[PDB]
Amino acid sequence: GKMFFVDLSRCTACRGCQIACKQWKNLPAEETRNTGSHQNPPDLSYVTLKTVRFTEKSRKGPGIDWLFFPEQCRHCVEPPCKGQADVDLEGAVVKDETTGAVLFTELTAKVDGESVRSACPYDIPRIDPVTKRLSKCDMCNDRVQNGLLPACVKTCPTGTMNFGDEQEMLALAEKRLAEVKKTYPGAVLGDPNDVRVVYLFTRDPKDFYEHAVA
């Protein structure tokens, strides 16, 4: 099927991807306040399928390591969120044969919200408090089925966001891991055998986010 390769060593945290996800789906904006960070919205929610997480880590000499993490569903090869919801209703969560997109349907209102969230190793699924529907990054399955790139990928200026067939993407990831290691010698691929969104981390993935890897 299809795969994302996210080279986080190229991210400028411009948040094009964040804005572009909402423009494409015409999602609403959250009420936000600055709480002493550029990071906003602070977390994913029913109306936010992607936010960029900002982490400042100390280093010897001038400046810092500024870690940027554009978060989305990993579209896992063996989705735990499906496996959970399939005990309640075999339909709420489905897998597209062609792309490998894990898609939440309208029947997610007929399952346990927290149960499907807890089963996800990456803490991705979010609940609408009114209607109890589950929402998350849907991979722009719509767009991919019509030969278009996902909005977050097309809009990214740095080459951080990359999309295509899993054969080319695993080829790009392994070649790029080799070249980025020359600069960031602790650079790793996030769960690259279990997911369709393969992040390249410049160091310990857990510095980017607690749930960055399983």
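Throughout, we count residues from 1 along the sequence that is shown.
Asks: Mean CA B-factor: is it higher for 15 to 23 or for 197 to 205?
Replies: That would be 197 to 205.
Asks: Between 69 to 77 and 128 to 136, name whichever shows the higher mean Cα B factor according to the PDB entry.
Replies: Mean C-alpha B-factor is greater for 128 to 136.
Asks: Between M161, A171, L149, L44, which one tops the list for C-alpha B-factor in the PDB entry?
Replies: When the deposited C-alpha B-factors of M161, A171, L149, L44 are compared, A171 is largest.
Asks: Identify, among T35, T155, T55, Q167, the residue whose C-alpha carries the highest B-factor in the deposited PDB entry.
Replies: The listed residue with the largest C-alpha B-factor is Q167.
Asks: Comparing against every modelled residue in the chain, figure out the third that the C-alpha B-factor of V6 lands in (lowest, middle or highest).
Replies: For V6, the deposited C-alpha B-factor lands in the lowest third.
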